[PDB]
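Dumping the structure here so I can ask a few things about it.
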Amino acid sequence: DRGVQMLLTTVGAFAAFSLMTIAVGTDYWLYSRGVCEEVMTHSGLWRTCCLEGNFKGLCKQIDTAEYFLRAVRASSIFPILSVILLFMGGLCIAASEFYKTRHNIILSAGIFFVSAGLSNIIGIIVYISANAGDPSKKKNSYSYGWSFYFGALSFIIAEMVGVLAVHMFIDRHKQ
Amino acid sequence: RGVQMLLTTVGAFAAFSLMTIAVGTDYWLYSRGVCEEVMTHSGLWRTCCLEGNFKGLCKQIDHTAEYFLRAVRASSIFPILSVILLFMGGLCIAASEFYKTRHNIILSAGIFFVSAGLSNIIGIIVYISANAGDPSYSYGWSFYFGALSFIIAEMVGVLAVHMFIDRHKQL
Amino acid sequence: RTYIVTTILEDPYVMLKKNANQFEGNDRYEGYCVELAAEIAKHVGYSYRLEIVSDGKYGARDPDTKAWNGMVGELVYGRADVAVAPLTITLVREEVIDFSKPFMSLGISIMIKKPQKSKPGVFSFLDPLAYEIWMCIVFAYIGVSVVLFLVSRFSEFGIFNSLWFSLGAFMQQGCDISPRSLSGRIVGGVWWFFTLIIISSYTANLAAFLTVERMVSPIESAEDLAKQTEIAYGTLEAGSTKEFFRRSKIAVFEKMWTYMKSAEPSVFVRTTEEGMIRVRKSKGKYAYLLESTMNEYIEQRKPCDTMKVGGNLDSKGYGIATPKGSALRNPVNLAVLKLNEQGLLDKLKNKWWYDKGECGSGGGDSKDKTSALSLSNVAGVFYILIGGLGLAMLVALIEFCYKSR
Amino acid sequence: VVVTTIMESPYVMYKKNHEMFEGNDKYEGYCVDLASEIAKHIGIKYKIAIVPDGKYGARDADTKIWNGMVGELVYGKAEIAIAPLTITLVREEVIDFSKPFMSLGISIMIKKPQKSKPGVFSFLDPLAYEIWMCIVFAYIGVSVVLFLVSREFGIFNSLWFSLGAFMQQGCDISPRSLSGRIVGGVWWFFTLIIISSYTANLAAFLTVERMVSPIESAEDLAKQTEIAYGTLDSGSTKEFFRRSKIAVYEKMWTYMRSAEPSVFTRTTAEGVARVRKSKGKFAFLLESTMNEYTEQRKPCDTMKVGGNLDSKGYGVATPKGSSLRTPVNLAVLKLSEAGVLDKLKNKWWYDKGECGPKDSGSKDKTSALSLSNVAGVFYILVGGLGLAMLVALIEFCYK
Amino acid sequence: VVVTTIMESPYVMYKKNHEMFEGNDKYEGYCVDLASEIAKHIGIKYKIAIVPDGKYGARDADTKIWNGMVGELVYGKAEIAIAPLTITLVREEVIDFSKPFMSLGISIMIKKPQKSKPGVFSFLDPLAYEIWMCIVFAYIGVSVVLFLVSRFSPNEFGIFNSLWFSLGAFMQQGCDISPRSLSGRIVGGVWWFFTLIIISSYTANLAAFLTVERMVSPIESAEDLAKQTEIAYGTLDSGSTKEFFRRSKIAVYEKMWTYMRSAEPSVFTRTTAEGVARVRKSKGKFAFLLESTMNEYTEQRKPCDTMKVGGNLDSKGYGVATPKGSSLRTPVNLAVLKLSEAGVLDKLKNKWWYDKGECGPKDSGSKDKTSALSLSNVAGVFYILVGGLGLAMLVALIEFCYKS
Amino acid sequence: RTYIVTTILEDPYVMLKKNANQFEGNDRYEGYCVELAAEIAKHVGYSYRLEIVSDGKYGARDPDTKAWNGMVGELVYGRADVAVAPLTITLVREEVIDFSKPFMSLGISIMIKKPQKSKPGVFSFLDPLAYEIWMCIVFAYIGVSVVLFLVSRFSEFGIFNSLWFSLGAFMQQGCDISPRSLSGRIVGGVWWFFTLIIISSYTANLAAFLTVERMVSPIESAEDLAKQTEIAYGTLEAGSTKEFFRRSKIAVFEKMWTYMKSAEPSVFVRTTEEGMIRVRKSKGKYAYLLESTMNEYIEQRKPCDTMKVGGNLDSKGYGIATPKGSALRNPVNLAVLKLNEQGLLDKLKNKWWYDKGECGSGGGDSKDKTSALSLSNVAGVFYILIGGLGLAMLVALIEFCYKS
Ligand SMILES: O=c1[nH]c2cc(C(F)(F)F)c(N3CCOCC3)cc2n(CP(=O)(O)O)c1=O
Ligand SMILES: O=c1[nH]c2cc(C(F)(F)F)c(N3CCOCC3)cc2n(CP(=O)(O)O)c1=O
Ligand SMILES: O=c1[nH]c2cc(C(F)(F)F)c(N3CCOCC3)cc2n(CP(=O)(O)O)c1=O
């Protein structure tokens, strides 16, 4: 019963790819109430815009142990490295599904899935540090948007693939 | 294994001597108290102030769960029963060293002695709880003999359970 | 001859019957004042028929064109001999006529809303750590679980053993799955450090939150009100209370008088009813500073959200008005003193102020004051736990599937 | 004008400099300064005299005479009585009373509220009882569930596993069922969270040490409690309690009539001495002015007023047919309205006091934890140890 | 009788807006009420005229003319003036001044901090700093002693096994297998005792840290302010404070002046309104220097974000100025002295300075702000989490490369 | 001609050199007042000879039954023109003579002793508990250890195994060997319950002690001292302080005055040096109000255990006596105001009040309050760690001796 397992890994990777694409495309991260005054502002990691207010229609780009994290938040280097490593993991699992003889390919696949978990944790923690790190932020707050839940679901399917593919590693190692 | 039985005998006799010094005399009460702060002492059946305004006298003192603990702490009947149970424990240890072929009743004597020890523990801690309950008491070098009574009870118990470990090889 | 008495209704004296005006007239009067009038008429002997107040007010000094109005104004200007309706003691009232005796005392008292709060259930579990931290630690727990599986199977000891070790590590319990390589051991050690500092921080914050929540005390007396901050309070304008506050010279009284003298908010209001309604609307921080009698009346009303706190600031009294030189001044004084001594006034106060109150009949309704985590706040954990246990029971049946289906 | 006054401790006292001056400037307090203020208000030369009889003023009802201040004013000895005198039904047909310038009534008083030191209750002084009933119920439930779902776990091994889970420890053996893992994890989580909550609650209780008011805080709570109650032998309180129709005081009267006769005391000094020697004993019902005087004296231990009951008035007494009756009436009304008797009351009964700790709370050192909070643990420890060694002896001897 | 008073000073206030309570007493404040009090004390007609110069007083010695209230007095159109006017060398020799009714001070002010949100220092804030190094040293030492006991004394435990045993010993969890010896029991027990005492102390310390808050001031004195050299400072572009700083004699003041000499981001503020706006906008730096009376006036202003640290750099006072000697100089001098000795002047000062302020009513701090553990106190915790888990993964990878 | 300057014998201003003997003549006195007199004589131009008043008292011009004496008394009698000495400005000494200018500001203020608490070592470790409780828990631990060993021998294991299991049970540890049988299981459970309850109680007690230690209210200004009602305060029977307290007008100062007049702490002072001695001997249980000048002199000259706190309660000045009808009235005023504005007087004040003072408060930095632990109570944790390493080396050496 390994064909259903590899199909589950493939569909989980495809779901992760779809979630990454709609994350880098849409701006539904946080249902923040800011200005465009507490109004619904699509605060984005890569694109922050508005729907209401007098300035609706035009929006622009956002931007000894704190400067590095501030530069990380400004440049979004870890989400970018994350999506690149998901692309590399998709390429390597495509090589695995087309070439079965090689063995280190799924070692690389498991390492890529785990590092995807690492980079997702780093990205979400720097995002919540950027959001909840200011004492100024504002009568209402919190109430995270949909794309936070999509990122959480991407994380859950990340442990799903990182459990099932590693189980496939264990069974192919013991056989 | 003569060293083991001579150790038990000397420990029992030392415990006899020090517990008689502990409970027999009138020496265990130091605190900042008024008997005008002068030297005061409690006792088993009477309280006495050695000097001050009470020279030459040694006065017979008086006095569900709360009533029981107050009676035990004040009348000191349970400490009397505990030291008398220590007396029977010492007597049955003397019978044990007189009856050396007693496999189980020697162990039973050990259990009775440690039961008397834990009874003395509960008695002294309810006594000091009542002492701390007066406002809403320190070692008197004979209450220190009571502490040494606990220590020598634990020591004779640990060497006894060491020689029942030796009895495991013997039996 | 029939004697008419001037009666003015505010609460609850000359309130009309619920059957409109189908009765014979003066006999359709129920209240403290009319019962006292009937008793005082039966004591010595005269007529207790009521009269209609001409102006509807109590009367003032009126320096313009002199004269008088109200119940005392009708009494002084003929056609009145007995006044039953209560009225406060004031110098301009005394300089014209004389009172008999204050039948029952009163005083200006502070008024606050009844503190009502309800402890939550599953939401009470997220008080001292919010909800983002719990999500972060749960997702980090599953991440370190899969990482522990990777390092145990890469550097028995399956996914089940990895979950065993991680679940034991999350509560500092430990497990027997000890890998030979030091890597999994150091991963477990740093995760132990993280979960222990989370537990310590949670305990610290819950202790701090409990201490700061329970440390606060309800307002009482007048000095605590004087040094109180961030809570609004004051009195009305059209009344003798403002005159008494202005005429006071006591250091504490003049102190908070100067405090609300620079009334930046809307301290002064017009009527008691509108002020009471807007206190109901706000219900978070205001005080009206009314008389003790009307406060005791309104804390027995239908909403049952007001209560009497503190004591009386002064020693004001009531009194029944009688004209000077009349034959019904001394006998009414003797009889009202007799009824005050007999306790019948206390009986009437109890029946018309505590017995006829449809709401709050039992004053001692909540007086346990349990200053500990009872089964209202921490038992919500007992909810989620049993829910989790229910979840356990639910997964039990699916594990029963894993047992038999 | 000549006035007579009765030597009453919370109204008139002898000055410390008794030999400095004798006469008008020889007393300080409420009564004499109020007399001086009203005398300056009307304008008259005044002198202070003491009562020759010492009676408060009452009718003997057999010889038709009065003894005390009312007896002196009726029989022509004084034309004014600035001394305090309550208003009664019998003292109106022979004497005239002004408007009451003070309000007083029968009020409760208890002993000093102090922190109790229980033995067993201090083991679970925070939290409640139902919390530990439910934690034991959950312990038995999780033990039974873990025993049944695992089928080495017998009727003792699962109990040991749950018991070890109850005190932050793991176990030597682990099952191979994920249901057991899930139930053990959720039980571990519950145990940890409830231990943290209990420790924090104990920390808050130990860091506040706030004393709560006793049960004796209202008349309804007074009738529903088992504590004793007392009053004065014969007086205004006894006369008020002799006849009642309020249906709340008849129960109190029957409680007096059915309890021990020790509830009656002669003097208020004997009463405060009797209530001072015990934290409980009999709370008393006495005058508000007596309570306010006793709460601001050198023994600053009991200062509890509680709720206010009954109504009584204190007024100045004037004889019949006096030209200053209206004058003294308007004078006392002006002093009550503008406010100088209340100012002097605040300056003398509140500002002048032996201790000012009642005005604002103070922080005291909590000192050592002592042993009362721990003594309850040792009892269950030694009891469980004794039960364990008895059952060990029985099990090893029989089985 | 003519009296002058500058309206552009925190000593007057308008009654309503205009055409309300019209007449003579149109301005209410400290100085006008003091003038009315002394006029009732000695007998002086009341006036309302204001000099159109605007400045309180200056010495234009280049043009040989005096501008302001002092010039209006010396050339002559009035004889009594009540206004905030400093006393200097050139002003005394032309106009005699009475005794100073109020002492003047010069002090520095800083913006009130909001919160601190550091990185790993958030978790480093409790249990001090050197305790971490000492407890790591203790962990290394107990690991070395445990390894010595297990190996030299009479096993199946290397250096890695010993350090893991010590790490699990540090964390009140237990061990997989006991050494089963009479030697290691005591050292394991004392190490467990030390680590549980440390953990309980940390929990109690964080509880005490979180139950109440203090907001300790970053600075406390002018000498420490000059010594720290991390916060920008600017006095004023020109005026009495700038002249005093440019011609001081105390040793630290020359260093302070040289610090103003090497000032990059234009610390010389043109107006005091711009200065207070700048110090209220940014709280990280740019603390201001200003007179004590203006600082205390801004202390009770609607933004409510300012706090002085105390200490008076210079001491002077505000005096009453009169033209030359006459029959009124001694009278007004004794009137000012009598009002200064009595508390009536202090009564007016306290009343007009505290009844017009609302910011200071909430004294000390507000205890009704708890919320929960937001990420500000958790940023250190999750940063040490991400660092520990990343380093653990890295050492796992390198240990696999070493062994497997 | 030769002019005279009369100086009162006052401790903080003029000093008669204790050496006496030589240097007698012109330089008979060294101090602030004689230096100011030398400077003013060098500035305006004259020759000054030092003089001492006969009665040794300041004196006044009260309207009594003549018998006038003092500094102003000898000034008005004729044999005095310039008096360079401290002199409080008062109305009773203004109706006959006028002062020039206050060179420095006087203010009455509270003074407090230094709060110093030295946390002990191993004694501070048992501070967050009773020593009876520590004795109880340790002795109960050894008792249950031997009881568990005997019941395990009754119903594989040795003395070392018994000690290991007992202490790991004592301090929440796992073990490789299992507590077999239900009796041993329930002993382990009940004793784990005891160790959990006692560790929770100890953590709660330590949290309570640290919370009550940090949450403390230091005394600042006068309102906090008024509403703390725990530290005694008072002033002299007569003087400027008594006159200011008699004429209080503010409600809080009226409360302070009536608290002082309640005579609960009384005055308890005759000479202010005796008040300084008794407030040093009160161990912080008493407080006293005196002038800021002499308070600074006490804080400098005396050993550093007392200082000032809070701001000045009132504004007051100084002055020098001048004759009513002499030509030495205006130039001395102009020159003393020039010296006050220039800062040379400030330089002399700094030299005489900061340099020649045997105190490290102004000559060195203070201690920063970083909260948390400061090697004071955790120092006791490090001394019980020293005891732990002593036990570790003891058990290791005794084990190696036993095998040897
Ligand atoms: O003689 C007087 N007797 C009064 C009796 C009452 C009350 F009994 F409570 F009804 C009141 N209420 C005060 C609260 O709001 C409702 C009216 C006002 C009275 N006033 C006017 P004041 O100037 O407001 O005291 C008098 O003059
Ligand atoms: O009406 C009455 N009012 C009273 C008021 C007071 C007081 F408290 F001082 F105000 C007192 N004091 C009680 C304490 O001892 C001294 C007298 C006695 C009163 N009595 C006498 P009884 O008959 O013994 O009650 C009355 O009759
Ligand atoms: O005599 C003088 N008296 C002054 C009094 C005041 C104050 F009382 F504070 F209002 C001030 N303020 C300084 C702060 O900004 C607002 C104006 C300036 C004064 N100046 C000008 P400087 O020379 O720049 O000090 C004088 O000359």
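First residue shown is number 1, and so on along the chain.
Backbone N, Cα and C atoms are what each Cβ position is placed from, and that goes for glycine too.
Straight out of Swiss-Prot:
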BINDING   D:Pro84, D:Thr86, D:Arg91, D:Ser236, D:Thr237, D:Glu287  L-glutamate binding site
DISULFID  D:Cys300-D:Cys355  disulfide bond
INTRAMEM  D:153-168  intramembrane segment
LIPID     D:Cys171  S-palmitoyl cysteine
LIPID     D:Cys397  S-palmitoyl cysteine
TRANSMEM  D:129-149  transmembrane segment
TRANSMEM  D:178-198  transmembrane segment
TRANSMEM  D:374-394  transmembrane segment
D:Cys355 (disulfide bond): which of the recorded positions D:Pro84, D:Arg91, D:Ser236, D:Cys397 is the nearest Cα neighbour?
D:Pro84
Based on Cα distances to D:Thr237 (L-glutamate binding site), point out the closest of the recorded positions D:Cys171, D:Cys300, D:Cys397.
D:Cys300
Write down the Cα-Cα distance for D:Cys171 (S-palmitoyl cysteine) and D:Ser236 (L-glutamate binding site), rounded and given in Å.
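Approximately 74 Å lies between the Cα of D:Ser236 (L-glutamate binding site) and that of D:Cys171 (S-palmitoyl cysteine).
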Measuring CA to CA, name the entry from the recorded positions D:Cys171, D:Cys300, D:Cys397 that ends up nearest D:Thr86 (L-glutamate binding site).
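Answer for the nearest of the recorded positions: D:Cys300.
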Counting other Cβ atoms within 10 Å of each Cβ, which of the recorded positions D:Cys171, D:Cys300, D:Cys355, D:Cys397 scores lowest?
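Output over recorded positions D:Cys171, D:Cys300, D:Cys355, D:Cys397: least Cβ neighbours within 10 Å is D:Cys397.
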List the residues of the same chain that sit at least 6 positions away from D:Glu287 (L-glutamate binding site) in sequence and have their Cβ under 8 Å from its Cβ, in sequence order, or write 'none'.
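Non-local contacts for D:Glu287 (L-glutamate binding site): D:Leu104, D:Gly105, D:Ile106, D:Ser107, D:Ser236, D:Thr237.
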Got a sec? Which of D:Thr86, D:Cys171, D:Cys300, D:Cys355, D:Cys397, the recorded positions, have CB under 6 Å of any ligand 2 atom?
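From D:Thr86, D:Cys171, D:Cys300, D:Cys355, D:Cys397, counting a Cβ under 6 Å from ligand 2 as near, the near ones are D:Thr86.
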Out of D:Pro84, D:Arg91, D:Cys171, D:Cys397, give those recorded positions positioned within 10 angstroms of D:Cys300 (disulfide bond), comparing C-alpha atoms, in sequence order.
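The recorded positions close to D:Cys300 (disulfide bond) (Cα within 10 Å) - there are none.
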If you measure from the Cα of D:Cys171 (S-palmitoyl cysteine), which of the recorded positions D:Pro84, D:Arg91, D:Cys397 is the nearest?
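Closest by Cα: D:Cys397.
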Measuring Cα to Cα, how far is D:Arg91 (L-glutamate binding site) from D:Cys397 (S-palmitoyl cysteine) in Å?
90
Give the number of CB atoms, excluding that of D:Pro84 (L-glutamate binding site) itself, located within 10 Å of its CB.
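Here the count is 24.
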Do you know offhand how many angstrom separate D:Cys397 (S-palmitoyl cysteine) and D:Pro84 (L-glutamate binding site) by C-alpha?
85
Count the Cβ atoms, other than its own, that fall within 10 Å of the Cβ of D:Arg91 (L-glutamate binding site), considering every protein chain shown.
20
Gap of 24 residues, D:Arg151 to D:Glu152: Cα distance in Å, to the nearest whole number?
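Distance between the Cα of D:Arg151 and the Cα of D:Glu152: 9 Å.
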What does DSSP say about D:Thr86 (L-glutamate binding site): helix, strand or coil?
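Strand, per DSSP.
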Check D:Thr237 (L-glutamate binding site) against DSSP and tell me helix, strand or coil, would you?
helix
I'd like the Cβ neighbour count for D:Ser236 (L-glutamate binding site), meaning other Cβ atoms within 10 Å of its Cβ, all protein chains included.
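For D:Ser236 (L-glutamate binding site), the 10 Å Cβ neighbour count is 17.
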Please classify the secondary structure at D:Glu287 (L-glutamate binding site) using three-state DSSP.
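In three-state terms, D:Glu287 (L-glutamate binding site) counts as strand.
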Please find which two of D:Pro84, D:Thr86, D:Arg91, D:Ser236, D:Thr237, D:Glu287 have the most distant C-alpha atoms, given that the record lists them as binding L-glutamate, and give only that distance in angstrom, rounded to a whole number.
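The two farthest binding residues have Cα atoms 20 Å apart.
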